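Structural characterization, general
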Amino acid sequence: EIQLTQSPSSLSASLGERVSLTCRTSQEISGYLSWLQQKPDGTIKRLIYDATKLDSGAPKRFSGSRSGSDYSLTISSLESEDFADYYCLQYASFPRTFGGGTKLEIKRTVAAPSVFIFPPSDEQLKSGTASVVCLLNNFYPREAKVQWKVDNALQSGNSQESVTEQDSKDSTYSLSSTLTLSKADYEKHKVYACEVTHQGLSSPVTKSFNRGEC
Amino acid sequence: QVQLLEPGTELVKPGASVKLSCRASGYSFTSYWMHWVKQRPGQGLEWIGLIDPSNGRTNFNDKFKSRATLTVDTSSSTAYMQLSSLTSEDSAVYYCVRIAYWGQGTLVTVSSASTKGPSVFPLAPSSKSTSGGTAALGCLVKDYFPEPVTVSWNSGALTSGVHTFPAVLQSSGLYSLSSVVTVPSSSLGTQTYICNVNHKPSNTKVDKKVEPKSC
């Protein structure tokens, strides 16, 4: 299959900034490449086709160009509507193939997360399961490492995390990590801690609570 | 002018099949190839194949050839994609696409899971919350299926500082979501916080007052 290598996969930029996405083809595709935009709401729109032709419904700040096997999409001056996902699509050969995509997010200054930890409710414990929640609030950038330690033993594979979209007003993220344990296991342990590392934190932040206490 | 209409969402069990429809309007149906593209949640786009409505000739991506049937009903300008022997890897937004226009997509969720209302548990401000004058509290909406669940606070009276996280699929096949809000720690004695949880798919309505506990 004809591979499309799209780079970068992720990009943080500010309004007014100029940005270029690129897709490299394994084999000659003769300009048969389109650039697609997928808004946050999921809808997909074609911006450029035949590598350089601007789609009628697309703003002029977008343009395509190709250098040999490199096809690029450039946004002259980023506006708020441009923060989205972008995919290049080739239609030179079959099967049709897409680049891996580029997620464009708003760049802002780093902001350490506010971390909160939540013991399981006695209400939940009555059901045989225990969920411990570690909350990372209003941070930037998105990258954050959360580890669960139960009586200082690193927990693995028993937690799941969720991250909200970048906030519309402050451009921050919030992350939730949930550690699930059987009621039995939960009661076999005392210290529950959630250790957070993030670029805005000069050192790991650990929030904990004791079961054999408050 | 060009319209590509697809169904909303579909829940199917493993091993079952799904027959997605894509109704086109605004142009000559048979004059254009219809493509079907798959997109797993938070994943990239994957081309499944195309069908030439004019003759019925289809062209597939080897990964789907053995399980996907692409048919067309030119009388109703509808292309269909039947995907057989579904497994959880087939849970995705499936789009029908023709040169330049993308359908809004249909979210197909494959799960052996049954309908179930959420258990709503309070995420209480204990001491391990309060970040000075800021406490965090919330509700853990656990073990419900299928998505979605709406959570509001104090009947829409509280919008600021609220973060309702995308749901995660637990290994049990049931979802779980959390809604949290950051509030002045000093308001905990003069203000009541209630998360209003509504899982319309099982019509389970729940109001949980999230009360501070400090032993």
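Its PDB header names X-ray crystallography as the technique used to obtain the model and reports a resolution of 2.10 Å.

Before going further, it helps to spend a moment on the interface of chain A and chain B. Much of the literature gives interface size as the accessible area that the parts lose upon coming together. With 37 residues of chain A at the interface, the matching set in chain B holds 45 residues. Interface of chain A and chain B: buried area, both sides summed, is about 3400 Å²; carbon and sulfur atoms make up 66% of it. Where chain A packs against chain B, one counts one salt bridge. Across the pair A:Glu123 and B:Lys208 runs a salt bridge whose closest N-O atoms are separated by 2.7 Å. Linking chain A with chain B are nine residue pairs in polar contact. Sorting the residues of the side of chain A that touches chain B by element identifies β4 (33-38), β5 (44-49), β12 (114-118), α1 (122-125), β13 (129-139), β16 (159-163), β17 (173-182) and β19 (205-210) of chain A as the ones contributing at least two each. Per element, the largest residue contribution to the side of chain A that touches chain B is six residues, and it comes from β13(A).

What follows deals with the sheet that holds strand β18 (residues 191-198) of chain A. Neighbouring strands of a sheet are bound in pairs by backbone hydrogen bonds; such pairs are parallel or else antiparallel. Residue and element names in this part refer to chain A. Ordered by their spatial adjacency, four strands build an open sheet running β15-β14-β18-β19, and the pairing between neighbours is antiparallel. Each end of this open sheet is capped by a strand with a single partner; those strands are β15 (153-154) and β19. Of the strand pairs in this sheet, β18 and β19 are connected by six bridges, and their pairing is antiparallel. Paired with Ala193 across the two strands is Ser208, which belongs to β19.

Further remarks concern the state of the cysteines. Going through the model one piece at a time under the given rule, you end up with four disulfides over all chains. In this model, A:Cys23 is linked to A:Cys88 through a disulfide, with the two sulfur atoms separated by 2.0 Å. Looking along the S-S bond of the A:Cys23-A:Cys88 disulfide, the torsion reads about -95°, which is the left-handed sense. One end of the pair, A:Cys23, is in strand β3 (residues 19-25); the other, A:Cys88, is in strand β9 (residues 85-90), with 65 residues separating them in the sequence. A sulfur-sulfur distance of 2.0 Å marks the disulfide that ties B:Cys22 to B:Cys96. One quick way to see it: the torsion about the S-S bond of B:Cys22 and B:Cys96 is about 65°, and its sign makes the bridge right-handed. One end of the pair, B:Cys22, is in strand β3 (residues 18-25); the other, B:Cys96, is in strand β9 (residues 92-98), and 74 residues separate them in sequence.

Before going further, it helps to spend a moment on the nonpolar core. Note on soluble globular proteins: their nonpolar side chains tend to be buried together. With 26 residues, the main nonpolar core has B:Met34, B:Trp36 and B:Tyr94 as its most contacted residues. Looking at this core, the elements that each hand over two or more residues are β3, β4 (34-39), β5 (45-51), β7 (68-73), β8 (78-83), β9 and β11 (106-110) of chain B. The contacts of B:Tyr94, once residues within four sequence positions are left out, are B:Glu6, B:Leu20, B:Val37, B:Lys38, B:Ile48, B:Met81, B:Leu83, B:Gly105, B:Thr106 and B:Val108. Of all hydrophobic cores here, the second largest spans 24 residues; its members include A:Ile117, A:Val150, A:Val163 and A:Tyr173.

Once that is clear, we can look at the domain arrangement of chain B. Residue and element names in this part refer to chain B. Domain boundaries assigned for chain B yield domain 1 (1-112) and domain 2 (113-212). If you look at the interface, domain 1 gives four residues, while domain 2 gives six residues. Here domain 1 and domain 2 share an interface that buries about 340 Å² over both sides, 58% of which is from carbon and sulfur atoms. Looking at the side of domain 1 facing domain 2, the largest losses of area belong to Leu11, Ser111 and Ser112, adding up to 80% of the total buried there.

All right, on to the domain arrangement of chain A then. Residues and elements named next belong to chain A. Split by domain assignment, chain A resolves into domain 1 (1-108) and domain 2 (109-211). Between domain 1 and domain 2, the C-alpha centre-to-centre distance is 36 Å. Contacts between the two partners involve six residues from domain 1 and, on the opposite side, 10 residues from domain 2. A per-residue breakdown of the area domain 1 buries against domain 2 is headed by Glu105, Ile106 and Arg108, which together make up 91% of the total. Along the contact surface separating domain 1 from domain 2 lie zero salt bridges. Our enumeration of links across domain 1 and domain 2 arrives at six residue pairs in polar contact.

All names here are of chain A. Strand order in the open sheet formed by four strands is β12-β13-β17-β16, with antiparallel pairing between adjacent strands. Each edge of the sheet is formed by a strand with only one pairing partner; in this case those strands are β12 and β16. The sheet shows a mean angle of 15° between the axes of neighbouring strands, taken without regard to direction. As paired strands, β12 and β13 are joined by five bridges and run antiparallel to one another. Within the sheet, the bridge partner assigned to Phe118 lies in β13 and is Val133.

Here we come to the environment of A:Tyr192. Residue and element names in this part refer to chain A. Checked against the element boundaries, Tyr192 lands in strand β18. When its relative accessible area of 0% is taken as the criterion, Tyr192 is described as buried. Separated by 12 residues in the primary sequence, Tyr192 and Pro204 place their C-alpha atoms 16 Å from one another. Reaching out from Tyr192, the side chain makes a polar contact with the backbone oxygen of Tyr186 at a distance of 2.6 Å.

Sizing a probe to match a water molecule and rolling it over the atoms shows the empty space that remains. Of the volumes computed, that of the second largest pocket is approximately 420 Å³. Lining of the second largest pocket is provided by 20 residues; of these, A:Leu89, A:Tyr91, B:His35, B:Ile99 and B:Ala100 occupy positions nearest its centre. At the level of secondary structure, the elements contributing two or more residues to the lining of the second largest pocket comprise β4, β5 and β9 of chain A together with β4 and β9 of chain B.

The next subject is the environment of B:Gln43. Within the element layout of this structure, B:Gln43 appears in the loop between β4 and β5. For the pair B:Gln43 and B:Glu89, spaced 46 residues apart in the sequence, the C-alpha separation amounts to 11 Å.

Rules used in this analysis
Residues numbered from 1 in each chain as written, not as in the entry; some residues may be left out. Chains lettered and ligands numbered in written order. Heavy atoms only, no water. Contact = heavy atoms within 4.5 Å. Buried area = accessible area lost by both parts, 1.4 Å probe. Salt bridge = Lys/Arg side-chain N within 4 Å of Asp/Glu carboxyl O. Polar contact = N/O pair within 3.5 Å; in protein donor to acceptor, adjacent residues only side chain to side chain. Helix = DSSP H or I, 4+ residues; strand = E, 2+ residues; numbered from the N terminus. Pairing = 2+ DSSP bridges. Disulfide = S-S within 2.5 Å. Core = buried A, V, L, I, M, F, W, Y, C linked by side-chain atoms within 4.5 Å. Buried < 20%, exposed > 50% of the residue type's maximum accessible area, 1.4 Å probe, protein only. Domains from an automatic or database assignment. Axes fitted to C-alpha atoms, helices over the stretch in contact; angles between N-to-C directions. 1 Å grid on protein atoms, 1.4 Å probe; cavity = no way out; pocket = protein on both sides within 12 Å on 5 of 7 lines; lining within 4 Å. Points joined across faces, edges and corners; volume = space filled by probe spheres on them.

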